[PDB]
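Student:
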Amino acid sequence: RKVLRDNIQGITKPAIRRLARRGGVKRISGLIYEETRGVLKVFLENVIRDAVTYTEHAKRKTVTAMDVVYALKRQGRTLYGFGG
Amino acid sequence: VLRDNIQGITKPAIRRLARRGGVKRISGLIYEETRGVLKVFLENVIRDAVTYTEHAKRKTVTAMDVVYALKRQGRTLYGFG
Amino acid sequence: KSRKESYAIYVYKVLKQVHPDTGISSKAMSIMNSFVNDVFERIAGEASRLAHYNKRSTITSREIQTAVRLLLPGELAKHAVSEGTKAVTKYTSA
Amino acid sequence: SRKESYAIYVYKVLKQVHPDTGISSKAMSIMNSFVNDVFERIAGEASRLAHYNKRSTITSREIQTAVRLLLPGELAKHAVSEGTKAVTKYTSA
Amino acid sequence: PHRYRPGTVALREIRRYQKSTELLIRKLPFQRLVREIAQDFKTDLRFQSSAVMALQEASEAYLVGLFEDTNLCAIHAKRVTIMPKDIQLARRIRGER
Amino acid sequence: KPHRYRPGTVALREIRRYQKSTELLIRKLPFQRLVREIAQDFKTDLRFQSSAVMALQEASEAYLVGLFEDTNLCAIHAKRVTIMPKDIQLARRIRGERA
Amino acid sequence: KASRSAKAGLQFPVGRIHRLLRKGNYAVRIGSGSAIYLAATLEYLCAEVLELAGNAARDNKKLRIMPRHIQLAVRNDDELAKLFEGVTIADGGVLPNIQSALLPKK
Amino acid sequence: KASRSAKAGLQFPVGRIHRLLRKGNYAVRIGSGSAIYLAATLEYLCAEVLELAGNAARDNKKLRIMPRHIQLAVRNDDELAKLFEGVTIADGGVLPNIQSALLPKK
DNA sequence: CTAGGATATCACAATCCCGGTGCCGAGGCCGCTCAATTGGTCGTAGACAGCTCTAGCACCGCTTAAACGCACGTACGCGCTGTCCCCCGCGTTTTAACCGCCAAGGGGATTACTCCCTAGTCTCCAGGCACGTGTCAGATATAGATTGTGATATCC
DNA sequence: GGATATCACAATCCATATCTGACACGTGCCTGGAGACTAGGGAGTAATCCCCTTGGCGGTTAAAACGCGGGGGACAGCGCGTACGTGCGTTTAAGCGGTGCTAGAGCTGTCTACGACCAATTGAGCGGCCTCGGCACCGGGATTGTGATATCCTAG
Numbered sequence: 019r020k021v022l023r024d025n026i027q028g029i030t031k032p033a034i035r036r037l038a039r040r041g042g043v044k045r046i047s048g049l050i051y052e053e054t055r056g057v058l059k060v061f062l063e064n065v066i067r068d069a070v071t072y073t074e075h076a077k078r079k080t081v082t083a084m085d086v087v088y089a090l091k092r093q094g095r096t097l098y099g100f101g102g
Numbered sequence: 021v022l023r024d025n026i027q028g029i030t031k032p033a034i035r036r037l038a039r040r041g042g043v044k045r046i047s048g049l050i051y052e053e054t055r056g057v058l059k060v061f062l063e064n065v066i067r068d069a070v071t072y073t074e075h076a077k078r079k080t081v082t083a084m085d086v087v088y089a090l091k092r093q094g095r096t097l098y099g100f101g
Numbered sequence: 031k032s033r034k035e036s037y038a039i040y041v042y043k044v045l046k047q048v049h050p051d052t053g054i055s056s057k058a059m060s061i062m063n064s065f066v067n068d069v070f071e072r073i074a075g076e077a078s079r080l081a082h083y084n085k086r087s088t089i090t091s092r093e094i095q096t097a098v099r100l101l102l103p104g105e106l107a108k109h110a111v112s113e114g115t116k117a118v119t120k121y122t123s124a
Numbered sequence: 032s033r034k035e036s037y038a039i040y041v042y043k044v045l046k047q048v049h050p051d052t053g054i055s056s057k058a059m060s061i062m063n064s065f066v067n068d069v070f071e072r073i074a075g076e077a078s079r080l081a082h083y084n085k086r087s088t089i090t091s092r093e094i095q096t097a098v099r100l101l102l103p104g105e106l107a108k109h110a111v112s113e114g115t116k117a118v119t120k121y122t123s124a
Numbered sequence: 038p039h040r041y042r043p044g045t046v047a048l049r050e051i052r053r054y055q056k057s058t059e060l061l062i063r064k065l066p067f068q069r070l071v072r073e074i075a076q077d078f079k080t081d082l083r084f085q086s087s088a089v090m091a092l093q094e095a096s097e098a099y100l101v102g103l104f105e106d107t108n109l110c111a112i113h114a115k116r117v118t119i120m121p122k123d124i125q126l127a128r129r130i131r132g133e134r
Numbered sequence: 037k038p039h040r041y042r043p044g045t046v047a048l049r050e051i052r053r054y055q056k057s058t059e060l061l062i063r064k065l066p067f068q069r070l071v072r073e074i075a076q077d078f079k080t081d082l083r084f085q086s087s088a089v090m091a092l093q094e095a096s097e098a099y100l101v102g103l104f105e106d107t108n109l110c111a112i113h114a115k116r117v118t119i120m121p122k123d124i125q126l127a128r129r130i131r132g133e134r135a
Numbered sequence: 015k016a017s018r019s020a021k022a023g024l025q026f027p028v029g030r031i032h033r034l035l036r037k038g039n040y041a042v043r044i045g046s047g048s049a050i051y052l053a054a055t056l057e058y059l060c061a062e063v064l065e066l067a068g069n070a071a072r073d074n075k076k077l078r079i080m081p082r083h084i085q086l087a088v089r090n091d092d093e094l095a096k097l098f099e100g101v102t103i104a105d106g107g108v109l110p111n112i113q114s115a116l117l118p119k120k
Numbered sequence: 015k016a017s018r019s020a021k022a023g024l025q026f027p028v029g030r031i032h033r034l035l036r037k038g039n040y041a042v043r044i045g046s047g048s049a050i051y052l053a054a055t056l057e058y059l060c061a062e063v064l065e066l067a068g069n070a071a072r073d074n075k076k077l078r079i080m081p082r083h084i085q086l087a088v089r090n091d092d093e094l095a096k097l098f099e100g101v102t103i104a105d106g107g108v109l110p111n112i113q114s115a116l117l118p119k120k
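Chains F, B, D, H, E, A, C and G, in that order, give the protein sequences. Counting in the deposited numbering, the first sequence runs from 19 upward without gaps. Counting in the deposited numbering, the second sequence runs from 21 upward without gaps. Counting in the deposited numbering, the third sequence runs from 31 upward without gaps. Counting in the deposited numbering, the fourth sequence runs from 32 upward without gaps. Counting in the deposited numbering, the fifth sequence runs from 38 upward without gaps. Counting in the deposited numbering, the sixth sequence runs from 37 upward without gaps. Counting in the deposited numbering, the seventh sequence runs from 15 upward without gaps. Counting in the deposited numbering, the eighth sequence runs from 15 upward without gaps.
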């Protein structure tokens, strides 16, 4: 399977602009975006790992949505609207 | 200086807590807000402690009840059971 | 064939009881089902912990009532307690 | 009535780690409470893991996954290594 | 010719995107990011087409909450521009690093 | 002219003196009376064990110190050193205690 | 053969909740009054949430409850907002609000 | 009679932990390796905490571990600070940390 | 000369190190008792083969909407000053926390009997899930109306 | 000069086709839940002993609160410069569909190993108490850190 690299830059600046606009931010500095691309890259690294831990435990090779929901619930961030 | 018992938390006591926290200069309106915040926290903890106690048909609030009430709020307390 | 179960029909019954002319979407229905499961699991866990704390081996109505009073705060606790007590009394009166 | 705490075992661990260091009563109670809290954390996570996969047992695999989920980073690897060592030594009489 | 003074378009965007419920990050870039992040832990994984959507929703909600707290921190400092120090302070107060 | 320390150095000295001890900072009797009047509103004539009040005191002291650390951070964020009620309100609203 | 859900007047299932309680490993044995009480509380909570969601949906001139309506109803009520303190609702958006300082001065 | 702790080489009990697991409402049946493995992890964590606490106590020229020593040991280690993220230690004090702004400018 | 400023120098007070005791809490020895172990059986659940089949994956044609690169200007964040006013630091004295003993006396832990209810199992039959299928309210697109913002005109 | 006022333009909301994916409803069907019977065990009751929490008194005595003087810092003000938003123009992945493919997901069948149960035995550990050493108080003496002060330098 192919190897992926340098994809955190795929979260474009307009995406962060829209995300902040939803959060209610009027004016944005120029150094936010890079910082944001770090913060996001931490959150996933703290969730996906748990999902992987929840997947390889069941001797599976597929990260279903239920594993992600359980990983999120294991962080006080329960997500409603995905399976059970 | 009674006014019930909420000024029992004396102004030097709040100053000592702030100094331990790491505060250098404290305004004059901090004390009332701190008293209110502490009263709210105590209300929230004691309501759960009293619920735990009256569930067991007891009239004495055990230290374990307060420990459980703190554990329920994500404030685990080590040293009492 | 699988027979995965959910509270879909019961939630729909409640919605038609409280809003006869209003429907509900599928994603919203899944959200409501997940919320119901979460609240049920949370209340059951708290009740089991309460039963374990007193060394009692049975979960009675008292444990569930205290669990509801502990988890659901404010005015929801009173309404839920009244509803549960009324339902229990009705069932015991057949 | 008996209390059945973990005082003796924590004392033994401290004595084998620091031979000449003692521990106070308050610190012993704190360590006992810490051991209890970690035990219920791991056991609850293992129970939820076993119930997720429709399993009705808690095997060392479940406790290993619970340890990998609770203990952060470097603690998890040492803990799983020592647990595997203990299990291997036990199964070898 | 015709130009909007700075801010008016920002207010229009704020009133528009808060009303909408769609996703604000594109699907393929987020999927590739998730795959490259998961590649570090376990090799040759296969995400369901709904797990990536769940991760996207969770990440978007977390980022929106973080930006709400960052905006609060910026307004506290008598400013309207959010700065990296604001995000750092918000994450320090919430208790994560 | 009697010796008089500059305004601020005594604050730092007591900051260093209070971050080194583990004593209870709130007096025991006033806290016990506050706890008793608060518990009186939920069940009349409750009896408190001699350790429940101590546990409540330890928890409340830890909570208040943890809140004051974040209040200090917020005050420093705004290029100040004094903490004001808006700092406490912001610190509580970021971490999630609505009031 | 009348189901236990009919006797208590609850729309939620009582037998299903009892079986889930008994097979969820909560206690070695479970009384018969717990399932009914829990069903009543679940029904009341679902009724409250659905009522608020329907009111929100009517406020937007729609005849169908959507996740956006549920999020609006939940976050526009302090009691349920505290009950949903750490809960994310998928495809639900956020409350429309703009801070006072960001608004134009004049 | 050789106890299971002796065979496994652990200081923490195996029989008591197995009994607590089985009488704690976690699963219907509990394997023989789970108790041993959990005892091993608990012993490792206790050894880490006590080693760091002993180092802290020796740094203060004392031969007895107090709650202050345990607080200092836990809050001065990233892994244990993450494990103790929301845990209060009674009579443990706080880490000495004065912010840079409060420090004397000259 | 005259004024106003850094820079090196001295006396005061809090801190920290070194012991001299009192003692109080921790380390060590015994009783016994309650829980862990060992030996066999059983029935249960986990593990291995396997076999469909089903969903994730890889690739592409393309329509285009979102994004990237630039010009420009204006509005906010940063920076420097004055200030007054709010908190700090100190001195004194009235006050409330506090350690010590006591007598209730209200509550809590334990034990014997029990009886009420919850567990185990079988039948069956009716409710809840899968599967289609018909009806419609929401998404999309125009078209007109209303509004909020900005460029322009007059006055104070 | 700018402060107020007044009209024109872009954005948005609303009313009407309209189009269709999405939801509410009627049939299989199948499985789980309710009734009936038997068994046991778990918690309610009643009594009892004693445990330990509260009210009261009392002399300390250290905290605290009231005021008073001073200083430094938060705030209001101004100046600027820079960087960030707004619009234009062009490129470039994205979304969607369409296809085919391959690994892995799920369920059934069978094998086996393994954990619960049950009983007797025995030793590991908890409460009790007894003794000892590390700690905290306390007093003294270096050890600095600091606020005030003499000393030197530069513009007007």
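All C-beta atoms in this analysis are idealised placements derived from N, C-alpha and C, irrespective of residue type, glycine included.
Please give the ranges of any alpha helix (DSSP H) in the region 64–117 of chain H, keeping only runs that are unbroken, at least 4 residues long and fully inside the region.
Tutor: Whole alpha helix (DSSP H) segments, 4+ residues: 91–101.
Student: Let me make sure I understand the geometry here. Which of 22/B, 47/B, 40/B and 27/B has the alpha-carbon closest to that of residue 124/A?
Tutor: Out of 22/B, 47/B, 40/B and 27/B, 47/B has the C-alpha closest to the C-alpha of residue 124/A.
Student: Excluding the 5 residues preceding and the 5 following residue 111/D in the sequence, name in chain order all residues of the same chain whose CB lies nearer than 8 Å to its CB.
Tutor: Same-chain partners within the cutoff: 95, 98 and 99.
Student: Since residue 87/G and residue 67/G should fall inside the 8 Å C-beta cutoff, what is the C-beta to C-beta distance between them, to a whole number of angstroms?
Tutor: Residue 87/G to residue 67/G, Cβ: 4 Å. Contact.
Student: Given residue 19/F, which residues of its chain have a CB within under 7 Å of its CB, disregarding the five upstream and five downstream residues?
Tutor: Here the set comprises nothing.
Student: Please list the terminal residues of the continuous beta strand (DSSP E) segment that includes residue 98/F.
Tutor: Where residue 98/F is concerned, the enclosing beta strand (DSSP E) stretches over 96–98.
Student: Just checking, does the region 35–52 of chain B make contact with the region 94–105 of chain A on the three C-beta pairs under 8 Å criterion?
Tutor: With the cut-off at 8 Å, the region 35–52 of chain B and the region 94–105 of chain A touch.
Student: Cβ of residue 95/F less than 9 Å from any chain E Cβ?
Tutor: Cβ-Cβ to chain E under 9 Å: yes for residue 95/F.
Student: Excluding sequence positions up to five away, which residues of its chain have a Cβ less than 6 Å from the Cβ of residue 54/C?
Tutor: Here the set comprises 24.
Student: Under DSSP, the beta strand (DSSP E) around residue 101/G begins and ends at which residues?
Tutor: Segment 101–103, the beta strand (DSSP E) holding residue 101/G.
Student: Pull the bridge partners of residue 80/B from the DSSP assignment, please.
Tutor: For residue 80/B, which the question treats as bridged, DSSP gives the partners 83/A.
Student: Using 9 Å as the threshold, is the C-beta distance between residue 82/A and residue 70/B below it?
Tutor: In this structure, residue 70/B lies closer than 9 Å to residue 82/A by Cβ.
Student: Please report how far the alpha carbon of residue 102/C lies from the alpha carbon of residue 66/D, in whole angstroms.
Tutor: Going by the C-alpha atoms only, they are around 14 Å apart.
Student: In this structure, how does DSSP classify residue 43/G when only helix, strand and coil are distinguished?
Tutor: Residue state, collapsed to three classes: strand.
Student: Looking at the secondary structure, which residues open and close the alpha helix (DSSP H) in which residue 66/F lies?
Tutor: Where residue 66/F is concerned, the enclosing alpha helix (DSSP H) stretches over 50–75.
Student: Answer with buried or exposed for residue 73/H, where buried requires no fewer than 16 other C-beta atoms within 10 angstroms of its C-beta.
Tutor: The residue in question, residue 73/H, is buried, as its Cβ has 16 or more Cβ neighbours within 10 Å.
Student: Terminal residues of the continuous alpha helix (DSSP H) containing residue 89/A?
Tutor: Here the alpha helix (DSSP H) through residue 89/A covers 88–113.
Student: What residues in its chain sit with their C-beta under 6 Å from that of residue 54/H, if we drop five residues either side in the sequence?
Tutor: Counting only Cβ-Cβ distances below 6 Å, and skipping sequence neighbours, we find 45.
Student: With DSSP collapsed to three states, give me the class of residue 118/A.
Tutor: Reduced to three states, the DSSP call for residue 118/A is strand.
Student: Let me see if you follow: with CB-CB separation under 9 Å, is residue 57/D close to chain C or not?
Tutor: Yes, residue 57/D counts as interfacial toward chain C.
Student: Do residue 89/D and residue 116/C come within 9 Å of each other at the CB atom, strictly closer than that value?
Tutor: No, these two residues do not count as a Cβ contact at 9 Å.
Student: Measure how close the beta-carbons of residue 114/D and residue 93/C come, nearest whole angstrom, since I'm counting them as under 8 Å.
Tutor: No, residue 114/D and residue 93/C are not in contact; Cβ-Cβ is about 18 Å, not under 8 Å.
Student: Look up residue 46/F in the DSSP assignment and give the residues it is bridged to.
Tutor: In the DSSP output, where bridge partners are listed per residue, residue 46/F has 119/E.
Student: By the 8 Å beta-carbon criterion, what residues does the region 73–86 of chain A contribute toward chain E?
Tutor: Flagged: no residues at all.
Student: Against chain G, with Cβ distances strictly below 9 Å, would residue 78/H count as a contact?
Tutor: Answer yes: the Cβ-Cβ gap between residue 78/H and chain G drops below 9 Å somewhere.
Student: Using DSSP with H/G/I as helix, E/B as strand and the rest coil, what is residue 53/D?
Tutor: Residue 53/D: strand per DSSP, three-state reduction.
Student: Smallest Cα separation from residue 17/B: which of 120/A, 132/A, 131/A and 91/A?
Tutor: The question about residue 17/B has no answer, for chain B in this structure spans 21 to 101.
Student: What number of angstroms, rounded off, separates the C-alpha of residue 71/G from the C-alpha of residue 114/G?
Tutor: In a straight line, the C-alpha of residue 71/G is about 27 Å away from that of residue 114/G.
Student: Where DSSP assigns a beta bridge to residue 79/C, which residues make up the other side?
Tutor: Paired residue(s): 54/D.
Student: Within the continuous alpha helix (DSSP H) that includes residue 15/G, where are the two ends?
Tutor: Segment: none, residue 15/G is in no alpha helix (DSSP H) and carries neither H nor E.
Student: Relative to the C-alpha of residue 80/A, which candidate in 100/B, 79/B and 28/B has its C-alpha closest?
Tutor: For the residues 100/B, 79/B and 28/B, the minimum Cα distance to residue 80/A belongs to 79/B.
Student: Within its chain, find whatever has a CB closer than 8 Å to the CB of residue 134/E; leave out the 5 residues flanking it on each side and keep chain order.
Tutor: Once the five neighbours on either side are set aside, the close Cβ partners of residue 134/E are 128.
Student: Have a look at residue 38/G and residue 77/A and give me their C-alpha separation to the nearest angstrom.
Tutor: When rounded, the distance between both Cα atoms is 35 Å.
Student: For residue 112/G, which three-state DSSP category applies?
Tutor: Of the three classes helix, strand and coil, the one that applies to residue 112/G here is coil, per DSSP.
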